[PDB]
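Have a look at protein30.csv; it's CSV, N, CA and C atoms:
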```csv
chain,number,residue,atom,x,y,z
A,4,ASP,N,-69.0,-43.4,24.1
A,4,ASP,CA,-68.8,-43.2,25.5
A,4,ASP,C,-68.1,-41.9,25.7
A,5,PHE,N,-67.4,-41.4,24.7
A,5,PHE,CA,-66.6,-40.1,24.8
A,5,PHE,C,-66.4,-39.5,23.4
A,6,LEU,N,-65.9,-38.3,23.4
A,6,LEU,CA,-65.5,-37.6,22.2
A,6,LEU,C,-64.1,-38.1,21.7
A,7,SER,N,-64.0,-38.5,20.5
A,7,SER,CA,-62.7,-39.1,20.0
A,7,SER,C,-62.2,-38.2,18.8
A,8,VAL,N,-61.2,-38.7,18.1
A,8,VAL,CA,-60.6,-38.0,17.0
A,8,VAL,C,-61.2,-38.4,15.7
A,9,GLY,N,-61.9,-39.6,15.7
A,9,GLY,CA,-62.6,-40.1,14.5
A,9,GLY,C,-63.6,-39.2,14.0
A,10,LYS,N,-64.4,-38.6,14.9
A,10,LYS,CA,-65.4,-37.6,14.5
A,10,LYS,C,-64.8,-36.4,14.0
A,11,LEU,N,-63.7,-36.0,14.5
A,11,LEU,CA,-62.9,-34.8,14.0
A,11,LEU,C,-62.0,-35.3,12.9
A,12,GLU,N,-62.5,-35.6,11.7
A,12,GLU,CA,-61.7,-36.1,10.6
A,12,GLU,C,-60.5,-35.3,10.3
A,13,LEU,N,-59.3,-35.7,10.7
A,13,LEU,CA,-58.1,-34.9,10.4
A,13,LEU,C,-57.5,-35.3,9.0
A,14,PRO,N,-57.0,-34.2,8.3
A,14,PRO,CA,-56.4,-34.4,7.0
A,14,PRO,C,-55.1,-35.2,7.1
A,15,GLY,N,-54.2,-34.8,7.9
A,15,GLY,CA,-52.9,-35.4,8.0
A,15,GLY,C,-51.7,-34.5,7.8
A,16,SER,N,-50.6,-35.0,7.3
A,16,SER,CA,-49.5,-34.2,7.0
A,16,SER,C,-48.6,-34.8,5.9
A,17,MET,N,-47.8,-34.0,5.2
A,17,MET,CA,-46.9,-34.5,4.1
A,17,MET,C,-45.5,-34.4,4.5
A,18,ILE,N,-44.7,-35.5,4.3
A,18,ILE,CA,-43.3,-35.6,4.4
A,18,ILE,C,-42.6,-36.1,3.2
A,19,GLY,N,-42.9,-35.4,2.1
A,19,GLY,CA,-42.5,-35.9,0.7
A,19,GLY,C,-41.3,-36.6,0.5
A,20,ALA,N,-40.1,-35.9,0.4
A,20,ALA,CA,-38.9,-36.5,0.0
A,20,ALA,C,-37.7,-36.2,0.9
A,21,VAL,N,-36.7,-37.1,0.8
A,21,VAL,CA,-35.4,-36.9,1.4
A,21,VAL,C,-34.4,-36.3,0.3
A,22,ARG,N,-33.7,-35.3,0.7
A,22,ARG,CA,-32.9,-34.5,-0.3
A,22,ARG,C,-31.8,-35.3,-0.9
A,23,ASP,N,-31.2,-36.2,-0.2
A,23,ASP,CA,-30.0,-36.9,-0.7
A,23,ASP,C,-30.0,-38.4,-0.5
A,24,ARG,N,-30.5,-39.1,-1.4
A,24,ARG,CA,-30.4,-40.6,-1.4
A,24,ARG,C,-29.3,-41.0,-2.3
A,25,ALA,N,-28.8,-42.2,-2.1
A,25,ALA,CA,-27.7,-42.8,-2.9
A,25,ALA,C,-28.2,-43.4,-4.1
A,26,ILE,N,-27.8,-42.9,-5.3
A,26,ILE,CA,-28.3,-43.4,-6.6
A,26,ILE,C,-27.1,-44.1,-7.3
A,27,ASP,N,-27.4,-45.2,-8.0
A,27,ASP,CA,-26.4,-45.9,-8.8
A,27,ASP,C,-25.7,-45.0,-9.8
A,28,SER,N,-26.5,-44.2,-10.5
A,28,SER,CA,-26.0,-43.2,-11.5
A,28,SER,C,-25.0,-43.8,-12.5
A,29,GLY,N,-23.8,-43.2,-12.7
A,29,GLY,CA,-22.9,-43.8,-13.6
A,29,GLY,C,-21.5,-44.0,-13.1
A,30,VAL,N,-21.1,-45.3,-13.2
A,30,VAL,CA,-19.7,-45.7,-12.8
A,30,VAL,C,-18.6,-45.3,-13.6
A,31,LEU,N,-18.7,-45.3,-15.0
A,31,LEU,CA,-17.7,-45.0,-15.9
A,31,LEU,C,-17.0,-43.6,-15.6
A,32,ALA,N,-17.9,-42.6,-15.3
A,32,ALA,CA,-17.4,-41.3,-15.0
A,32,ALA,C,-16.4,-41.3,-13.9
A,33,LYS,N,-16.2,-42.4,-13.2
A,33,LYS,CA,-15.3,-42.5,-12.0
A,33,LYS,C,-13.9,-43.0,-12.4
A,34,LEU,N,-13.9,-43.7,-13.5
A,34,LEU,CA,-12.7,-44.4,-13.9
A,34,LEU,C,-11.8,-43.6,-14.9
A,35,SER,N,-12.5,-42.6,-15.6
A,35,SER,CA,-11.8,-41.8,-16.6
A,35,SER,C,-12.4,-40.4,-16.7
A,36,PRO,N,-11.5,-39.4,-17.0
A,36,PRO,CA,-11.9,-38.0,-17.2
A,36,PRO,C,-13.0,-37.8,-18.2
A,37,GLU,N,-13.6,-36.7,-18.3
A,37,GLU,CA,-14.8,-36.5,-19.1
A,37,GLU,C,-14.4,-36.0,-20.6
A,38,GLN,N,-13.3,-35.3,-20.7
A,38,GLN,CA,-12.8,-34.8,-22.0
A,38,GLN,C,-13.9,-34.2,-22.9
A,39,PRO,N,-14.5,-33.0,-22.5
A,39,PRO,CA,-15.6,-32.5,-23.2
A,39,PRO,C,-15.1,-31.8,-24.5
A,40,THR,N,-15.9,-32.0,-25.6
A,40,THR,CA,-15.5,-31.4,-26.9
A,40,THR,C,-16.6,-30.8,-27.7
A,41,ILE,N,-16.3,-30.2,-28.8
A,41,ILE,CA,-17.3,-29.5,-29.7
A,41,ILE,C,-18.2,-30.6,-30.3
A,42,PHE,N,-19.4,-30.2,-30.7
A,42,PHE,CA,-20.3,-31.1,-31.4
A,42,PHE,C,-19.7,-31.6,-32.8
A,43,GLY,N,-19.9,-32.9,-33.1
A,43,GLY,CA,-19.3,-33.5,-34.3
A,43,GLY,C,-18.5,-34.7,-33.9
A,44,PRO,N,-18.2,-35.5,-35.0
A,44,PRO,CA,-17.4,-36.8,-34.8
A,44,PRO,C,-16.0,-36.5,-34.2
A,45,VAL,N,-15.7,-37.3,-33.2
A,45,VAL,CA,-14.4,-37.1,-32.5
A,45,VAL,C,-13.4,-38.2,-33.0
A,46,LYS,N,-12.2,-37.7,-33.3
A,46,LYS,CA,-11.1,-38.6,-33.7
A,46,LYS,C,-9.8,-38.4,-32.9
A,47,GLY,N,-9.1,-39.4,-32.6
A,47,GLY,CA,-7.8,-39.4,-31.9
A,47,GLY,C,-6.8,-40.4,-32.4
A,48,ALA,N,-5.7,-40.5,-31.7
A,48,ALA,CA,-4.6,-41.4,-32.1
A,48,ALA,C,-4.5,-42.5,-31.1
A,49,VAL,N,-4.2,-43.7,-31.6
A,49,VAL,CA,-4.0,-44.9,-30.8
A,49,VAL,C,-2.6,-45.5,-30.9
A,50,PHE,N,-1.9,-45.4,-29.8
A,50,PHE,CA,-0.5,-46.0,-29.7
A,50,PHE,C,-0.6,-47.4,-29.1
A,51,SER,N,-0.3,-48.4,-30.0
A,51,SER,CA,-0.5,-49.8,-29.6
A,51,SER,C,0.7,-50.5,-29.1
A,52,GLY,N,1.7,-50.7,-30.0
A,52,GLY,CA,2.8,-51.6,-29.8
A,52,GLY,C,3.8,-51.1,-28.7
A,53,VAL,N,4.9,-51.8,-28.5
A,53,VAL,CA,5.9,-51.5,-27.6
A,53,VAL,C,7.3,-51.5,-28.2
B,54,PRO,N,-66.3,12.5,-73.0
B,54,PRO,CA,-67.7,12.7,-73.6
B,54,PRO,C,-67.6,13.3,-75.0
B,55,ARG,N,-68.7,13.1,-75.8
B,55,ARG,CA,-68.8,13.7,-77.1
B,55,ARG,C,-69.9,14.8,-77.2
B,56,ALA,N,-69.5,16.0,-77.6
B,56,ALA,CA,-70.4,17.1,-77.8
B,56,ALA,C,-71.2,16.8,-79.0
B,57,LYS,N,-72.3,17.6,-79.2
B,57,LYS,CA,-73.2,17.4,-80.3
B,57,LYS,C,-73.6,18.7,-80.9
B,58,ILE,N,-73.6,18.8,-82.3
B,58,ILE,CA,-74.1,20.0,-83.0
B,58,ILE,C,-75.6,20.2,-82.8
B,59,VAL,N,-76.0,21.4,-82.3
B,59,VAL,CA,-77.4,21.6,-82.0
B,59,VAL,C,-77.9,22.9,-82.7
B,60,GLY,N,-79.0,22.8,-83.3
B,60,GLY,CA,-79.7,24.0,-83.9
B,60,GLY,C,-80.4,24.8,-82.9
B,61,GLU,N,-81.0,25.9,-83.3
B,61,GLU,CA,-81.7,26.8,-82.4
B,61,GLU,C,-82.9,26.1,-81.8
B,62,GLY,N,-83.5,25.2,-82.5
B,62,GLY,CA,-84.7,24.5,-82.1
B,62,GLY,C,-84.6,23.1,-81.6
B,63,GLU,N,-83.5,22.5,-82.1
B,63,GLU,CA,-83.2,21.1,-81.8
B,63,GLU,C,-82.9,20.8,-80.3
B,64,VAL,N,-83.0,19.6,-79.9
B,64,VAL,CA,-82.8,19.2,-78.5
B,64,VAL,C,-81.4,18.9,-78.1
B,65,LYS,N,-80.9,19.6,-77.1
B,65,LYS,CA,-79.6,19.3,-76.5
B,65,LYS,C,-79.6,18.1,-75.7
B,66,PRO,N,-79.0,17.0,-76.1
B,66,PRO,CA,-79.0,15.7,-75.5
B,66,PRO,C,-78.1,15.5,-74.3
B,67,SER,N,-77.8,14.3,-74.0
B,67,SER,CA,-76.9,14.0,-72.9
B,67,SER,C,-76.0,12.8,-73.2
B,68,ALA,N,-75.0,12.6,-72.4
B,68,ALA,CA,-74.1,11.5,-72.6
B,68,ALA,C,-73.9,10.7,-71.3
B,69,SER,N,-73.3,9.5,-71.3
B,69,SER,CA,-73.1,8.7,-70.2
B,69,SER,C,-71.7,8.7,-69.7
B,70,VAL,N,-71.5,8.6,-68.4
B,70,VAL,CA,-70.2,8.6,-67.8
B,70,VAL,C,-69.7,7.2,-67.6
B,71,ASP,N,-68.4,6.9,-68.0
B,71,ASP,CA,-67.8,5.6,-67.9
B,71,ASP,C,-66.9,5.5,-66.7
B,72,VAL,N,-67.3,4.7,-65.7
B,72,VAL,CA,-66.6,4.5,-64.5
B,72,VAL,C,-66.3,3.0,-64.3
B,73,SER,N,-65.0,2.7,-63.9
B,73,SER,CA,-64.6,1.3,-63.6
B,73,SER,C,-63.9,1.2,-62.3
B,74,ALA,N,-64.4,0.5,-61.4
B,74,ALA,CA,-63.8,0.3,-60.0
B,74,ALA,C,-63.1,-1.0,-59.9
B,75,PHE,N,-61.8,-0.9,-59.4
B,75,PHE,CA,-61.0,-2.1,-59.2
B,75,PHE,C,-60.8,-2.4,-57.8
B,76,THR,N,-60.8,-3.7,-57.4
B,76,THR,CA,-60.5,-4.1,-56.0
B,76,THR,C,-59.5,-5.2,-55.9
B,77,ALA,N,-58.7,-5.1,-54.8
B,77,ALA,CA,-57.7,-6.1,-54.5
B,77,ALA,C,-57.8,-6.6,-53.1
B,78,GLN,N,-57.9,-7.9,-53.0
B,78,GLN,CA,-58.0,-8.6,-51.6
B,78,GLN,C,-56.6,-8.9,-51.1
B,79,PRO,N,-56.4,-8.6,-49.8
B,79,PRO,CA,-55.1,-8.8,-49.1
B,79,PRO,C,-54.8,-10.3,-49.0
B,80,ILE,N,-53.6,-10.7,-49.4
B,80,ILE,CA,-53.1,-12.0,-49.3
B,80,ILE,C,-51.9,-12.2,-48.5
B,81,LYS,N,-51.9,-13.2,-47.6
B,81,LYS,CA,-50.7,-13.5,-46.7
B,81,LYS,C,-49.9,-14.6,-47.3
B,82,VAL,N,-48.6,-14.4,-47.3
B,82,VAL,CA,-47.7,-15.5,-47.8
B,82,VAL,C,-46.8,-16.0,-46.7
B,83,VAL,N,-46.5,-17.3,-46.7
B,83,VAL,CA,-45.7,-17.9,-45.7
B,83,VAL,C,-44.5,-18.7,-46.3
B,84,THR,N,-43.4,-18.7,-45.6
B,84,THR,CA,-42.3,-19.5,-46.1
B,84,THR,C,-41.6,-20.2,-45.0
B,85,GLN,N,-41.6,-21.6,-45.0
B,85,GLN,CA,-41.1,-22.3,-43.9
B,85,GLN,C,-40.0,-23.3,-44.2
B,86,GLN,N,-39.0,-23.4,-43.4
B,86,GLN,CA,-37.9,-24.3,-43.5
B,86,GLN,C,-37.7,-25.1,-42.2
B,87,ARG,N,-37.7,-26.4,-42.4
B,87,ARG,CA,-37.6,-27.3,-41.2
B,87,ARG,C,-36.2,-27.8,-40.9
B,88,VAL,N,-35.6,-27.1,-40.0
B,88,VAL,CA,-34.2,-27.4,-39.6
B,88,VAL,C,-34.1,-28.3,-38.3
B,89,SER,N,-33.1,-29.1,-38.2
B,89,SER,CA,-32.9,-29.9,-37.0
B,89,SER,C,-32.0,-29.3,-36.0
B,90,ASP,N,-32.2,-29.7,-34.8
B,90,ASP,CA,-31.4,-29.1,-33.7
B,90,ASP,C,-29.9,-29.5,-33.7
B,91,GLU,N,-29.7,-30.7,-34.3
B,91,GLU,CA,-28.3,-31.2,-34.5
B,91,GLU,C,-27.5,-30.3,-35.4
B,92,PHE,N,-28.2,-29.7,-36.3
B,92,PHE,CA,-27.6,-28.7,-37.2
B,92,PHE,C,-27.5,-27.4,-36.4
B,93,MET,N,-28.4,-27.1,-35.6
B,93,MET,CA,-28.5,-25.8,-34.9
B,93,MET,C,-27.3,-25.6,-33.9
B,94,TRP,N,-26.9,-26.7,-33.3
B,94,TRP,CA,-25.8,-26.7,-32.4
B,94,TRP,C,-24.5,-26.6,-33.2
B,95,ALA,N,-24.5,-27.2,-34.4
B,95,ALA,CA,-23.4,-27.2,-35.3
B,95,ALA,C,-23.0,-25.8,-35.7
B,96,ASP,N,-24.0,-25.1,-36.2
B,96,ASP,CA,-23.8,-23.7,-36.6
B,96,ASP,C,-23.4,-22.8,-35.5
B,97,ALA,N,-23.7,-23.2,-34.3
B,97,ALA,CA,-23.4,-22.5,-33.1
B,97,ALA,C,-21.9,-22.6,-32.6
B,98,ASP,N,-21.5,-23.8,-32.5
B,98,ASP,CA,-20.1,-24.1,-31.9
B,98,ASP,C,-19.1,-24.3,-33.0
B,99,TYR,N,-19.4,-24.8,-34.1
B,99,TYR,CA,-18.5,-25.0,-35.2
B,99,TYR,C,-18.1,-23.6,-35.9
B,100,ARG,N,-18.9,-22.6,-35.5
B,100,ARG,CA,-18.8,-21.3,-36.1
B,100,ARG,C,-18.8,-21.2,-37.6
B,101,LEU,N,-20.0,-21.3,-38.1
B,101,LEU,CA,-20.2,-21.2,-39.6
B,101,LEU,C,-21.1,-20.0,-39.9
B,102,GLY,N,-22.0,-19.7,-38.9
B,102,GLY,CA,-23.0,-18.6,-39.1
B,102,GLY,C,-23.9,-18.8,-40.3
B,103,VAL,N,-24.7,-19.9,-40.2
B,103,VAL,CA,-25.5,-20.3,-41.3
B,103,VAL,C,-26.9,-19.6,-41.3
B,104,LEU,N,-27.5,-19.5,-40.1
B,104,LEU,CA,-28.9,-19.0,-40.1
B,104,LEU,C,-29.0,-17.5,-40.3
B,105,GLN,N,-28.0,-16.7,-39.8
B,105,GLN,CA,-28.1,-15.3,-39.9
B,105,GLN,C,-27.5,-14.8,-41.2
```
Let's see the structure in the file written out as structure tokens.
Amino acid sequence: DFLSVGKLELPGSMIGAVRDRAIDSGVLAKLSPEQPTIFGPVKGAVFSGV
Amino acid sequence: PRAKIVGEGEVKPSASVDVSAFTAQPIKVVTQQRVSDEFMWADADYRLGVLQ
């Protein structure tokens, strides 16, 4: 009955990603500092009693 | 070559030349050592200077 959009097959458009979603990631990094060190086995001292 | 004693009528002969050609083909040699990255970081930050 008339000219439509169906005959003019449109490709569309892309809206890929959102830049900042909330990710679980890592909890531990929140409770204690990172203490970065040199490669190799790490050793420290443990004070136990009172 | 060796010369020969020749009379006035005798025939002056000839000798043969000795030639020896030698040839060498090019050869490539390889030497490989398989090191791990765990070692590679070690010589880097522990300061040993192993590779150089």
*Measure the distance from atom C of residue 96 in chain B to CA of residue 46 in chain A in Å and round it to one decimal.*
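Computing the Euclidean distance for atom C of residue 96 in chain B and CA of residue 46 in chain A yields 20.1 Å.
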*Find, counting all atoms listed in the file, the residue in A:18, A:41, A:8, A:32 that gets nearest to chain B.*
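Going through A:18, A:41, A:8, A:32 one by one, the smallest distance to chain B is for A:41.
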*In Å, rounded to a single decimal, give me how far CA of residue 83 in chain B is from CA of residue 104 in chain B.*
17.7 Å
*Would you kindly report the residues of chain B within 8 Å of chain A, using only N, CA and C atoms, as a PyMOL selection string?*
chain B and resi 94-95+98-99
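Excluding residue 68 in chain B itself and same-chain residues fewer than 3 positions from it, the residues having an atom within 8 Å of it are residues 54, 55, 65 and 71 of chain B, counting only N, CA and C atoms.
Across the model, the gap from atom C of residue 47 in chain A to atom C of residue 92 in chain B is 24.8 Å.
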Incomplete range 27-50 of chain A brought to N, CA, C and O atoms, written out as an mmCIF file, keeping the file's coordinate frame:
```cif
data_model
loop_
_atom_site.group_PDB
_atom_site.id
_atom_site.type_symbol
_atom_site.label_atom_id
_atom_site.label_comp_id
_atom_site.auth_asym_id
_atom_site.auth_seq_id
_atom_site.Cartn_x
_atom_site.Cartn_y
_atom_site.Cartn_z
ATOM 1 N N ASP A 27 -27.400 -45.200 -8.000
ATOM 2 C CA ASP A 27 -26.400 -45.900 -8.800
ATOM 3 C C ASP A 27 -25.700 -45.000 -9.800
ATOM 4 O O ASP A 27 -24.453 -44.970 -9.916
ATOM 5 N N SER A 28 -26.500 -44.200 -10.500
ATOM 6 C CA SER A 28 -26.000 -43.200 -11.500
ATOM 7 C C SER A 28 -25.000 -43.800 -12.500
ATOM 8 O O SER A 28 -25.363 -44.796 -13.220
ATOM 9 N N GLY A 29 -23.800 -43.200 -12.700
ATOM 10 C CA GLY A 29 -22.900 -43.800 -13.600
ATOM 11 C C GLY A 29 -21.500 -44.000 -13.100
ATOM 12 O O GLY A 29 -20.765 -43.114 -12.700
ATOM 13 N N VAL A 30 -21.100 -45.300 -13.200
ATOM 14 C CA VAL A 30 -19.700 -45.700 -12.800
ATOM 15 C C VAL A 30 -18.600 -45.300 -13.600
ATOM 16 O O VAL A 30 -17.486 -44.969 -13.121
ATOM 17 N N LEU A 31 -18.700 -45.300 -15.000
ATOM 18 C CA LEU A 31 -17.700 -45.000 -15.900
ATOM 19 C C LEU A 31 -17.000 -43.600 -15.600
ATOM 20 O O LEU A 31 -15.823 -43.457 -15.746
ATOM 21 N N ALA A 32 -17.900 -42.600 -15.300
ATOM 22 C CA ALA A 32 -17.400 -41.300 -15.000
ATOM 23 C C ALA A 32 -16.400 -41.300 -13.900
ATOM 24 O O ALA A 32 -15.694 -40.256 -13.619
ATOM 25 N N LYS A 33 -16.200 -42.400 -13.200
ATOM 26 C CA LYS A 33 -15.300 -42.500 -12.000
ATOM 27 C C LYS A 33 -13.900 -43.000 -12.400
ATOM 28 O O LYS A 33 -12.949 -42.676 -11.767
ATOM 29 N N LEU A 34 -13.900 -43.700 -13.500
ATOM 30 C CA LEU A 34 -12.700 -44.400 -13.900
ATOM 31 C C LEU A 34 -11.800 -43.600 -14.900
ATOM 32 O O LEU A 34 -10.653 -43.887 -15.151
ATOM 33 N N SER A 35 -12.500 -42.600 -15.600
ATOM 34 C CA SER A 35 -11.800 -41.800 -16.600
ATOM 35 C C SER A 35 -12.400 -40.400 -16.700
ATOM 36 O O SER A 35 -13.552 -40.220 -16.475
ATOM 37 N N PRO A 36 -11.500 -39.400 -17.000
ATOM 38 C CA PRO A 36 -11.900 -38.000 -17.200
ATOM 39 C C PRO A 36 -13.000 -37.800 -18.200
ATOM 40 O O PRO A 36 -13.211 -38.753 -19.049
ATOM 41 N N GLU A 37 -13.600 -36.700 -18.300
ATOM 42 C CA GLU A 37 -14.800 -36.500 -19.100
ATOM 43 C C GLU A 37 -14.400 -36.000 -20.600
ATOM 44 O O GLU A 37 -15.078 -36.376 -21.511
ATOM 45 N N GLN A 38 -13.300 -35.300 -20.700
ATOM 46 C CA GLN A 38 -12.800 -34.800 -22.000
ATOM 47 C C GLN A 38 -13.900 -34.200 -22.900
ATOM 48 O O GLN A 38 -14.266 -34.752 -23.907
ATOM 49 N N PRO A 39 -14.500 -33.000 -22.500
ATOM 50 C CA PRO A 39 -15.600 -32.500 -23.200
ATOM 51 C C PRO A 39 -15.100 -31.800 -24.500
ATOM 52 O O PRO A 39 -14.055 -31.212 -24.552
ATOM 53 N N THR A 40 -15.900 -32.000 -25.600
ATOM 54 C CA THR A 40 -15.500 -31.400 -26.900
ATOM 55 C C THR A 40 -16.600 -30.800 -27.700
ATOM 56 O O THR A 40 -17.788 -30.799 -27.215
ATOM 57 N N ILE A 41 -16.300 -30.200 -28.800
ATOM 58 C CA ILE A 41 -17.300 -29.500 -29.700
ATOM 59 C C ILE A 41 -18.200 -30.600 -30.300
ATOM 60 O O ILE A 41 -17.746 -31.750 -30.498
ATOM 61 N N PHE A 42 -19.400 -30.200 -30.700
ATOM 62 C CA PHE A 42 -20.300 -31.100 -31.400
ATOM 63 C C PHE A 42 -19.700 -31.600 -32.800
ATOM 64 O O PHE A 42 -18.997 -30.850 -33.446
ATOM 65 N N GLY A 43 -19.900 -32.900 -33.100
ATOM 66 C CA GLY A 43 -19.300 -33.500 -34.300
ATOM 67 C C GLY A 43 -18.500 -34.700 -33.900
ATOM 68 O O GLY A 43 -18.180 -34.959 -32.774
ATOM 69 N N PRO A 44 -18.200 -35.500 -35.000
ATOM 70 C CA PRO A 44 -17.400 -36.800 -34.800
ATOM 71 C C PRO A 44 -16.000 -36.500 -34.200
ATOM 72 O O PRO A 44 -15.319 -35.672 -34.706
ATOM 73 N N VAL A 45 -15.700 -37.300 -33.200
ATOM 74 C CA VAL A 45 -14.400 -37.100 -32.500
ATOM 75 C C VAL A 45 -13.400 -38.200 -33.000
ATOM 76 O O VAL A 45 -13.679 -39.342 -33.164
ATOM 77 N N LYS A 46 -12.200 -37.700 -33.300
ATOM 78 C CA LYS A 46 -11.100 -38.600 -33.700
ATOM 79 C C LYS A 46 -9.800 -38.400 -32.900
ATOM 80 O O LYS A 46 -9.438 -37.216 -32.637
ATOM 81 N N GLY A 47 -9.100 -39.400 -32.600
ATOM 82 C CA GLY A 47 -7.800 -39.400 -31.900
ATOM 83 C C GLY A 47 -6.800 -40.400 -32.400
ATOM 84 O O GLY A 47 -7.037 -41.017 -33.434
ATOM 85 N N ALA A 48 -5.700 -40.500 -31.700
ATOM 86 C CA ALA A 48 -4.600 -41.400 -32.100
ATOM 87 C C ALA A 48 -4.500 -42.500 -31.100
ATOM 88 O O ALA A 48 -4.600 -42.333 -29.907
ATOM 89 N N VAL A 49 -4.200 -43.700 -31.600
ATOM 90 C CA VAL A 49 -4.000 -44.900 -30.800
ATOM 91 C C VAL A 49 -2.600 -45.500 -30.900
ATOM 92 O O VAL A 49 -2.225 -46.019 -31.907
ATOM 93 N N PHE A 50 -1.900 -45.400 -29.800
ATOM 94 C CA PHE A 50 -0.500 -46.000 -29.700
ATOM 95 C C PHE A 50 -0.600 -47.400 -29.100
ATOM 96 O O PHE A 50 -1.026 -47.570 -27.993
#
```
